[PDB]
Amino acid sequence: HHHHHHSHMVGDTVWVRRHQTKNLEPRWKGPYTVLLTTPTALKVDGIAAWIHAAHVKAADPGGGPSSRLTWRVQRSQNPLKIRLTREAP
Amino acid sequence: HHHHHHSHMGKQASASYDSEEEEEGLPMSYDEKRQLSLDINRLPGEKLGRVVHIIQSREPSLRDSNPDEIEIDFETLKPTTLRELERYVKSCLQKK
């Protein structure tokens with residue numbers, strides 16, 4: 001059970017993959033603002049044409065810059081000694 | 001035109017040695033090693049950052065042999081470096 005439907009939000013910036021033969025060299029471009037939305041296709045700005053939603057990908061916001069190498073205290077064979085282990089960012 | 005006065009008057013510093021300390025500095029109790037012990041390891045990678053900073057700045061270890069882990073052995077660590085690191089973290093927190 002897989003309904004032929006891609007939920008593309010109208011107003012969202014989406015990368016439109018160049019419709020032709022299946023080669024990795026024809027890639028997507030934009031990203032373009034979705035103007036129109038149908039169950040299987042969508043029309044966007046800039047390209048001025050209807051695109052099939054299988055050939056389209058929704059763009060990323062940006063990310064989350066969060067990094068710090070830090071020390072973690074494990075219980076060791078100790079009187080009052082500690083074992084500090086460098087954790088990932 | 002706006003006039004407001006500041007005020008700072010008086011300044012004096014009076015300090016000398018703690019003890020004779022004819023040695024390097026080993027007047028530390030086991031309780032002193034215990035106090036800096038919990039105070040460091042209970043606090044996050046900020047104070048764990050300061051403890052590994054000082055021990056590796058005087059005597060490096062992890063960078064040569066497994067940089068992903070370090071063990072700070074207070075009970076067999078030099079009492080100079082202990083008492084130094086102790087007063088450092090104490091003045092770093094200023095909490096009572």
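Residue positions are given from 1 per chain in written sequence order; they need not agree with the entry numbering, and residues without coordinates are hidden. Note on labels: chains are lettered from A, ligands numbered from 1, in written order. Side-chain measures were taken over the full set of non-hydrogen atoms in the model, leaving aside hydrogen atoms and water.

As summarised from the PDB record, the model derives from solution NMR.

Caption draft 1: A look at the pattern of salt bridges. The working definition used for a salt bridge is a side-chain nitrogen of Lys or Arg within 4 Å of a carboxyl oxygen of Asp or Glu. According to the stated counting rule, one finds 11 salt bridges over all chains in the structure shown. A salt bridge links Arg83 of chain B to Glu86 of chain B, with the shortest nitrogen-to-oxygen separation between them at 2.9 Å. With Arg83 of chain B and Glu86 of chain B both in helix α3 (residues 79-93), this residue pair falls 3 residues apart, about one helical turn. A simple rule labels every residue: compare its accessible area, found with a 1.4 Å probe on the protein chains alone, to the largest value its type can have, and call it buried under 20%, exposed over 50%, or partly exposed in between. In this structure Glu86 of chain B comes out as buried when scored by relative accessible area, which is 17%. Overlapping salt bridges bring together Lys81 and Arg83 of chain A together with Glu71 and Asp73 of chain B as one network. Only DSSP runs of H or I with at least four residues qualify as helices, and only runs of E with at least two residues qualify as strands; both kinds are numbered from the N terminus onward.

Caption draft 2: The arrangement of α3 of chain B in detail. All names here are of chain B. Helices are assigned an expected span. That span is 1.5 Å times one less than the residue count. An ideal rise of 1.5 Å per residue puts 21 Å on 15 residues; α3 measures up with 21 Å between its terminal C-alpha atoms. Buried residues of α3: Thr80, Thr81, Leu82, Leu85, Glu86 and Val89, and no others. The first or second residue beyond α3 is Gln94, which carries a positive phi of 55°.

Caption draft 3: Layout of helix α2 (residues 45-58) of chain B. A rise of 1.5 Å per residue sets the reference length of α2 of chain B, with its 14 residues, at 20 Å; its end C-alpha atoms lie 20 Å apart and thus fit the reference within 8%. Taken residue by residue, α2 of chain B has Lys47, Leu48, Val51, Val52, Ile54, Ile55 and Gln56 of chain B as its buried positions. The contact criterion used is simple: two residues touch if any of their non-hydrogen atoms lie within 4.5 Å. Taken together, the buried residues of α2 of chain B touch β6 (70-74) and β7 (82-87) of chain A together with α1 (30-41), β1 (69-72) and α3 of chain B.

Caption draft 4: Structural view of the nonpolar core. Of all hydrophobic cores here, the largest spans 20 residues; its most connected members are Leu84 of chain A together with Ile40, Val51, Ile70, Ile72 and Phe74 of chain B. Only β7 of chain A together with α1, α2, β1 and α3 of chain B provide two or more residues apiece to this core. For this core, the leading source of residues is α2 of chain B, giving 5 residues. In this structure, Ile40 of chain B is in contact with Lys47, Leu48, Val51, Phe74, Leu85 and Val89 of chain B, ignoring residues within four places of it in sequence. Core analysis: the second largest hydrophobic core is formed by 9 residues, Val16, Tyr32, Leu42 and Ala53 of chain A among them. Buried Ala, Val, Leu, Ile, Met, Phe, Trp, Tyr and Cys residues that are joined via side-chain atoms within 4.5 Å together make up what is termed a nonpolar core.

Caption draft 5: Spotlight on the interface of chain A and chain B. Between chain A and chain B, the contact holds 12 residues from the first and 21 residues from the second. Between chain A and chain B, roughly 1,500 Å² of surface is buried when both sides are summed, and carbon and sulfur atoms account for 60% of that area. The interface formed by chain A and chain B holds 4 salt bridges in total. Salt-bridge contacts for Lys81 of chain A lead to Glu71 of chain B; the nearest nitrogen and oxygen are separated by 3.1 Å. A 3.5 Å cut-off defines polar contacts: any pair of N or O atoms within that distance qualifies, except that in protein one atom must be a possible hydrogen donor and the other a possible acceptor, and neighbouring residues in sequence count only when both atoms are side-chain atoms. On inspection of chain A and its partner chain B, the count reaches 9 residue pairs in polar contact. Per element, the largest residue contribution to the side of chain A that touches chain B is 5 residues, and it comes from β7 of chain A. Throughout this entry, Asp, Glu, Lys and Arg are counted as charged residues, while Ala, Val, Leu, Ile, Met, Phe, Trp, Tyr, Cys and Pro are counted as nonpolar. The remaining residues, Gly among them, count as polar. Its residues assigned to classes, the side of chain A that touches chain B shows 6 nonpolar, 3 polar and 3 charged. Each pair of strands is called paired provided DSSP finds at least two bridges between the two strands. Pairing analysis gives 4 bridges linking β7 of chain A to β1 of chain B, with the strands arranged antiparallel. Note on β1 of chain B: the bridge partner recorded for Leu84 of chain A is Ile70 of chain B. Using a 1.4 Å probe, buried area is obtained as the accessible area two parts lose upon being combined, added over both of them.

Caption draft 6: Fine view of unusual backbone geometry. In this chain, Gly30 of chain A is followed by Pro31 of chain A through a cis amide linkage whose omega measures -5°. Of note, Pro31 of chain A is situated in strand β2 (residues 28-38). The backbone phi angle of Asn66 of chain B is positive, close to 60°, even though this residue is not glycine. Its location among the elements puts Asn66 of chain B in the loop between α2 and β1. Its identity as a non-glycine residue notwithstanding, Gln94 of chain B has a phi of 55°, on the positive side. Residue position: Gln94 of chain B is located in the segment after α3.

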